[PDB]
Structures are given as C-alpha cells and as structure tokens.
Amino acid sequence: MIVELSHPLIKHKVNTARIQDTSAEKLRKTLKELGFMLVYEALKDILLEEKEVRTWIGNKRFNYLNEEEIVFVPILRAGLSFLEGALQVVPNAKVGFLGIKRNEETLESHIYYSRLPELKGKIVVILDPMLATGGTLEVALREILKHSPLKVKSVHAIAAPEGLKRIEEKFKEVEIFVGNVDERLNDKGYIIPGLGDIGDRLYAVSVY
C-alpha cells in the first residue's frame, strides 16, 4: 500500500530540494525537515499505550508511544539526510544501517554494509530520499524482512511509478510513504524531474 502525501509544506520541502543552486547546508537542512514531516505522516496509524506517570497534580494515566519499538533504517548515504529529522519525531527509536549502492550499468543494487539491531517484533521505517527503479529498496527489504519485522514502512521524498510498481507488487504488505510521485525514469534510471545525484549533492560534488 502506497500513499502519496499532499501536504503543501512537504511539496515545498521537496521542491526546495529540487533547486540545484543551493548549498549543501541548505539541502541537508531541507531534507532533515522533510524527513520529520515524512516520518510524522508515516506514523499517523500508530497505536499508543496507557502508562501511569507523575504530573504537577499527582499521578495520572496517559497514552504514550513505545519509542524503543521503532527502528529507523536509512540507506546510506542519502537515507542519512532523513535520520536527524526522523529522530526528532521518535528520539529513542533504534537505528539500523544499510550500506547500499546501485550498479549504474546494470542498475542493480548491492549491500556492502549491514549493522542492524534486533528487528523482530518492531516497527521498521526505511529512509531513502528517492525511489527510482526500486532496486535498492528491494534489496533493503530483502535484508530486513528476514528478521521477521512486525511491520515495515518506507519514506521517500520522490518516487517513480516504475519503482512503485515492482515494490507494491513483490512487497504488498510494505507501506510506502512518498512526498511526491514524479513522472518517469529516463534511459539511465534517474527520476524525472527528480533530484539528480542527491547522494553527491548532499555529501560530495554534484555533476549537475
């Protein structure tokens, strides 16, 4: 189940990230603020738990989120741009790391780093700015669904119908949250209009 968000400030953040003549500082801060918005939306169907706490007027009971039951998993590198934002929504959530890279020739993705915490029974939230062909997300899920997650959610700034197709086809139980679904993918597997080479725009030097 795919879900495209329509909030005007998500569009703003997304479109603000499209602007190539912005500094890396601005891009990073924009995606972090977007990550907060995305994870916030993705957690709108979370169930709270009643717990007794202490207030200024004595003991009382209120509903709370079991922050520890949430596990964020950013795909380095771009996934990382969302992590700080995601943690602001859920400060005590665990964090898993997947080092993945797409083979620009075959368009396939491979895992070179995996440092995941105990995922069994918890709610996992994948973090990755773009969803192009879906190769990276497919390999990420493959690596994650093995630990028997309770539920897997994924957040992205933009997505290509191409990727949305396969994903929702081979991973129907996965919840996909997207800031904006773009037009298509080109001959090189880049989302159009997309964000170009965000990985390098974020932490290196963009070629555009």
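Residue indices: 1-based, along the sequence shown.
The mean C-alpha temperature factor is higher for 46-54 when 46-54 and 26-34 are set side by side. Taking only CA atoms, the mean B-factor in the PDB entry is higher for 164-172 than for the other of 164-172 and 149-157. Per-chain ranking of the deposited C-alpha B factor places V39 in the lowest third.
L185 sits in the highest third of its chain by CA B factor, as recorded in the PDB entry.
In the PDB entry, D128 places in the lowest third of its chain by CA B-factor. In the PDB entry, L107 places in the highest third of its chain by CA B-factor. In the PDB entry, a CA B factor belonging to the highest third of its chain's modelled residues is recorded for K101.
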